[PDB]
*Asks:* 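Here you go, one structure.
Just follow the structure's listing: the first ligand is 1, and inside any ligand the first atom is 1. The chain is numbered in sequence order, starting from 1. Values below: all heavy atoms of this structure, side chains included; hydrogens, waters and symmetry mates excluded.
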Amino acid sequence: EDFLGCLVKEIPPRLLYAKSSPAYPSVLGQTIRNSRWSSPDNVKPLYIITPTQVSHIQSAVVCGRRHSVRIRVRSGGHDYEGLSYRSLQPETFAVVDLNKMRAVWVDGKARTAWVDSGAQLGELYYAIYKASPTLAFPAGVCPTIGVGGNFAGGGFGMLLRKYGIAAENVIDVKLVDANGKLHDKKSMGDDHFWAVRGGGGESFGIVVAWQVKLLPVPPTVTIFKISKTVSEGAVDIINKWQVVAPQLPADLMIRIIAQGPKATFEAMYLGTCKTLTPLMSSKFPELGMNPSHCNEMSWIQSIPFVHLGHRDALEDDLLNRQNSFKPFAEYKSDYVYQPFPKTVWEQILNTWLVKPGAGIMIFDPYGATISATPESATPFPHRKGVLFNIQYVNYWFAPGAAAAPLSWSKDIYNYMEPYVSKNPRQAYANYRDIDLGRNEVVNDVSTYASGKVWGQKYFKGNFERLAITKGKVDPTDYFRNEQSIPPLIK
Ligand SMILES: *Cc1cc2c(c(*)c1C)Nc1c([nH]c(=O)[nH]c1=O)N2C[C@H](O)[C@H](O)[C@H](O)COP(=O)(O)OP(=O)(O)OC[C@H]1O[C@@H](n2cnc3c(N)ncnc32)[C@H](O)[C@@H]1O
Ligand code: NA
Ligand code: NA
C-alpha cells in the first residue's frame, strides 16, 4: 500500500498494474518467452510498472528504496530462467518493464547509435539498415531478444569472430542506479562502466539506453547451410571443424546445429561466393562446399535468413512483437579449450542426440577478434584459447512432457564434463542456468560465497572485481535476483 502510494504520486496511473488490474495478465505475459514460467504456479510480481520516460524509472526506484520493495527489470523477457519477471520462491517484488522505451536513433555519419534497452535486437538492426546498407552491430541471432539483457550479459552472434561481443562495442550508457541516480560513463567511473558491459543483467542498475559504435560490413555477405549425416562423414568432418573453424579468417564464421546423427554447418562470410569458394577449398575442403551452396545477400537480410531460414519478409521477421513462439524450454552451455577425441563426436551424434528428450546442440567457434580481447578487459572471460561454445537446447510443447528433456539435459551435461573447461566449468551468463548454483541471502544480502559458486563459471577471474564494484554501487543488494552479483564490502 505504502509502496503503491509512492508510485501513484509520481508515475501516470495507466503505467501501473496490480494483480487485480484486468490488463495485468497480458502485460505480465507479453514478453514471457518460456512456457515453463508463464503458468500460475510461478511467483508473480506484486506490481508492474511500464515506464515511458526515464523519470518514471527513477521515481520507481526511489519508491522502492523508500518502501523497501525490490524491482526486477525486464527488457525483452528472454531470460532463460525468467528472472526478469518471476522469483524462484515466494517474495514481494515489482517488475519494471521497459518495452515501451524502444527508441533507436542512428547517426550513420558518426557510425554511432543510441538504443533504448526496451528495443528488440530486430528493431536495432532494422534501424541501422534504414541508415546504411554497409553498417552492422554484433549482437544476438534471435530478433526478439531485448537489447537490455542481451548487452548486460555480453551478447554474441554471427559477427562474434569479426567484432567480438555487443558489450565491448558499447561506448556509453544512460543508467539508473540503486539510489535512483541518473548516470553515464563519465559519472559512473571505470569499475562500474566495466561491470555493466557484460557483468550480467540486474546487478549493476537499470540501463535505460546504450550508445553503440556501428561497424562496417560489405554490401554483400554470403550464407551457406551445409548438412552432413553420419553416413556422409559428419564425424570426421566435425572433428576437423573443431581445429580449423577457430583458426579461420575473422570474416568467416561457421557454426553448427545438430539434432540427430547429422550436423548442419551454417556459415556467415563477410564477402562474396567468388572469394568464399577458394577459401573453403583451401582451408576446409572436407566440408565439400561449392558455389551452389552460396546464398549472397545484404547483412540485414542475413538476420532472418540465419535464424529462421526466411529470405522474403524483412519487416515482419525483424519488427515483430506478437510473441507467438513460446516453447517450454531448458538450456545449458559449455566452453571447449581442447579438441574432443573423435570417439566423443561419435557418441554425441550417434548416441546422445538419439535419446528420449534429446535436444539440439549449437556449436559457435571462437578465435579471431572475440579471443583477441584479454580475459579481464571486460567481465566476459571466454576468450583466448576458446575453440568453441556449446549450447544444449531443449524445447517441448505440452506441460506434461518435461521429464524426458530435463533428464536428458542433466545426463548429457554429466557425460560432457571430462571434455569441456573445468575448475571452473565455464558457461555463458546470458545462457542462464540456475542449476549452476543460486545465491543464499543472509540478513537480506546475497552472500559472496554463494555467488562465487556460479559466478566463477560465468565470469571466471572477473567475479571478484564484479563483486567489489557491486559493493560500491549497491552495498545493500537492492537490485538482485537468485543469480546476481553479491556485494563484496569491508
Ligand atoms: C530467448 C532467446 C535468447 C537468446 C537467443 C535467442 C532467443 C530466442 N539467442 C542468443 C542469446 N544470447 C546471445 O548472446 N546470442 C544469441 O544469439 N539468447 C539469450 C539472451 O541474450 C538472454 O536471454 C538475455 O539476457 C535476454 O535479454 P532480454 O530479452 O532483455 O531479457 P530479460 O528482460 O529477461 O532480461 C535478462 C536479465 O537482464 C536483466 N535486465 C533486463 N533489462 C535490463 C536493463 N535494461 N538493465 C539492466 N538489466 C536488465 C533482467 O533483470 C534479467 O536478469
Ligand atoms: Na580451467
Ligand atoms: Na534452466
*Asks:* Distance under 4.0 Å to a non-hydrogen atom of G140: what atoms of ligand 1 satisfy this?
*Replies:*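 Near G140, the atoms of ligand 1 are 15 (N), 16 (C), 17 (O).
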*Asks:* Report, in ascending order of atom number, the atoms of ligand 1 lying under 4.0 Å from any heavy atom of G155.
*Replies:*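 Here the atoms of ligand 1 in question are 14 (O).
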*Asks:* For atom 46 (N) of ligand 1, which of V207, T144, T31 has the closest heavy atom?
*Replies:* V207
*Asks:* Under 6.0 Å between the ring centres of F463 and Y448?
*Replies:* yes
*Asks:* Would you mind checking which non-hydrogen protein atom is closest to atom 38 (O) of ligand 1, with the distance to 0.1 Å?
*Replies:*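 Protein heavy atom with the smallest distance to atom 38 (O) of ligand 1: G201 CA, 3.4 Å.
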*Asks:* Under 3.5 Å, is there a donor-acceptor pair between the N295 and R311 side chains?
*Replies:*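 The criterion, which ignores hydrogens and geometry beyond distance, is satisfied for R311 and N295.
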*Asks:* Are any of the N/O atoms on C142, whether in the backbone or the side chain, positioned under 3.5 angstrom from an N/O atom of ligand 1?
*Replies:* no
*Asks:* Is the shortest side-chain N to carboxylate O distance from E91 to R72 below 4.0 Å?
*Replies:* yes
*Asks:* So which N/O/S atom does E81 have closest to the Na ion (ligand 3)?
*Replies:* OE2
*Asks:* Going by distance only, is there an N or O of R33 that falls short of 3.5 Å from an N or O of ligand 1?
*Replies:*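 Looking only at distances, the answer is no, because the N/O contact criterion of under 3.5 Å is not met.
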*Asks:* Heavy-atom distances under 4.0 Å are what count here, so tell me which part of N481 touches ligand 1: side chain, backbone, both or neither.
*Replies:* side chain
*Asks:* Determine the interplanar angle of the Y419 and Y415 rings, folded into 0 to 90°, and report it as parallel if under 30°, tilted if 30 to 60°, perpendicular if over 60°.
*Replies:*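 Because their plane-to-plane angle lies in the 30° to 60° range, the rings of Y419 and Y415 count as tilted.
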*Asks:* Are the side chains of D334 and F363 in contact, using a 4.5 Å heavy-atom criterion?
*Replies:*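 No, their side chains stay 4.5 Å or more apart.
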*Asks:* Relative to the heavy atoms of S117, which atoms of ligand 1 are at a distance of less than 4.0 Å?
*Replies:* 45 (N)
*Asks:* How does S75 reach ligand 1, if at all, at less than 4.0 Å between non-hydrogen atoms: by side chain, backbone, both, or neither?
*Replies:*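 Both backbone and side chain.
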*Asks:* State plainly whether the residues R383 and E375 are in salt-bridge range, i.e. N to O under 4.0 Å.
*Replies:* no
*Asks:* Pairs of nitrogen or oxygen atoms closer than 3.5 Å, one from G149 and one from ligand 1: do any exist?
*Replies:* yes
*Asks:* Which residue holds the protein heavy atom closest to atom 15 (N) of ligand 1, what is that atom called, and what is the gap in Å?
*Replies:*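 Protein heavy atom with the smallest distance to atom 15 (N) of ligand 1: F156 O, 2.7 Å.
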*Asks:* Need the atom name: nearest N/O/S atom of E330 to the Na ion (ligand 3).
*Replies:*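 Result: OE1.
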*Asks:* May I ask you to decide if the ring planes of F3 and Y47 are parallel, tilted or perpendicular, using 30° and 60° as cut-offs?
*Replies:* tilted
*Asks:* Once you restrict to heavy atoms under 4.0 Å, what part of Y431 touches ligand 1? Side chain, backbone, both or neither.
*Replies:* side chain
*Asks:* Only heavy atoms count here, so choose which of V73, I145, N430 is nearest to atom 4 (C) of ligand 1.
*Replies:* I145
*Asks:* For atom 2 (C) of ligand 1, what's the nearest protein heavy-atom neighbour? Residue, atom name and distance, please.
*Replies:*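 Answer, as residue, atom name and distance: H78 ND1, 2.5 Å.
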*Asks:* Among all protein heavy atoms, pick the one closest to atom 53 (O) of ligand 1 and tell me residue, atom and distance.
*Replies:* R432 NH2, 3.1 Å
*Asks:* Name the one of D364, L248, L159 that satisfies side chain to side chain contact (heavy atoms under 4.5 Å, CB included) with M253?
*Replies:*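 Answer to the side chain to side chain contact (heavy atoms under 4.5 Å, CB included) test with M253 among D364, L248, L159: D364.
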*Asks:* What protein heavy atom sits nearest atom 32 (P) of ligand 1, and how far away is it?
*Replies:* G77 N, 3.4 Å
*Asks:* Note the single closest protein heavy atom to atom 47 (C) of ligand 1, along with its residue, its atom name and the distance in Å.
*Replies:*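 Here the closest protein heavy atom is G205 O, 3.2 Å.
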*Asks:* Between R425 and the Na ion (ligand 2), is there a contact where an N/O/S atom of the residue lies under 3.0 Å from the metal?
*Replies:*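 Of the N, O and S atoms in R425, none lies under 3.0 Å from the Na ion (ligand 2), which means no.
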*Asks:* Could you tell me whether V141 and ligand 1 have an N or O pair separated by under 3.5 Å?
*Replies:*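 Yes, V141 has an N/O under 3.5 Å of an N/O on ligand 1.
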*Asks:* Does a side-chain heavy-atom distance below 4.5 Å link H192 with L175?
*Replies:*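 They are in contact (side-chain heavy atoms under 4.5 Å apart), so the answer is yes.
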*Asks:* Would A152 count as a polar contact of ligand 1, with the cut-off being nitrogen or oxygen pairs under 3.5 Å?
*Replies:*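 In fact, backbone or side chain, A152 has no N or O that close.
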*Asks:* Numbering the atoms of ligand 1 from 1, which are under 4.0 Å from a heavy atom of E202?
*Replies:*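 Under 4.0 Å from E202, ligand 1 has these atoms: 39 (C), 47 (C), 48 (N), 49 (C), 51 (O).
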*Asks:* With a 4.5 Å cut-off on side-chain heavy atoms, are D97 and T50 touching?
*Replies:* yes
*Asks:* Check each atom of ligand 1 against the heavy atoms of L98 and keep those under 4.0 Å away; list them by number with element.
*Replies:*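 Taking each heavy atom of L98 in turn, ligand 1 has 45 (N) under 4.0 Å.
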*Asks:* Looking at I223, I254, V306, which hits side chain to side chain contact (heavy atoms under 4.5 Å, CB included) with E266?
*Replies:* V306
*Asks:* For the side chain to side chain donor-acceptor pair (under 3.5 Å) test, which of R321, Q120, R74 pairs with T31?
*Replies:*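 Testing each of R321, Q120, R74 against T31, the sole residue satisfying side chain to side chain donor-acceptor pair (under 3.5 Å) is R74.
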*Asks:* Establish, yes or no, whether a centroid distance under 6.0 Å links the rings of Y80 and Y428.
*Replies:*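 Distance test on ring centres: not under 6.0 Å, no.
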*Asks:* Does the side chain of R70 come within less than 4.5 Å of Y478's, by heavy atoms?
*Replies:*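 With C-beta onward as the side chain, the pair touches.
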*Asks:* Are the aromatic rings of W299 and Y125 close, with centres under 6.0 Å apart?
*Replies:*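 Yes, they do, as the ring centres are separated by less than 6.0 Å.
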*Asks:* Cut-off 3.5 Å, side chains only: do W454 and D433 have a donor facing an acceptor?
*Replies:* no
*Asks:* Return the closest protein heavy atom for atom 34 (O) of ligand 1 as residue, atom name and distance.
*Replies:*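 In this structure, atom 34 (O) of ligand 1 has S84 OG, 2.6 Å as its nearest protein heavy atom.
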*Asks:* Which atoms of ligand 1 have any heavy atom of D79 under 4.0 Å away?
*Replies:* 23 (O), 31 (O), 32 (P), 34 (O), 36 (C), 37 (C), 52 (C), 53 (O)
*Asks:* Taking non-hydrogen atoms only, is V208 closer than 4.0 angstrom to ligand 1 via side chain, backbone, both or neither?
*Replies:* neither
*Asks:* How far is atom 21 (O) of ligand 1 from its nearest protein heavy atom, and which residue and atom name does that atom have?
*Replies:*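 Looking at atom 21 (O) of ligand 1, the protein heavy atom closest to it is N150 ND2, 2.9 Å.
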*Asks:* Should the pair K186-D172 be classified as a salt bridge under the 4.0 Å nitrogen-to-oxygen rule?
*Replies:* no
*Asks:* Would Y428 count as a polar contact of ligand 1, with the cut-off being nitrogen or oxygen pairs under 3.5 Å?
*Replies:*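 The answer is yes, given that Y428 and ligand 1 share an N or O pair closer than 3.5 Å.
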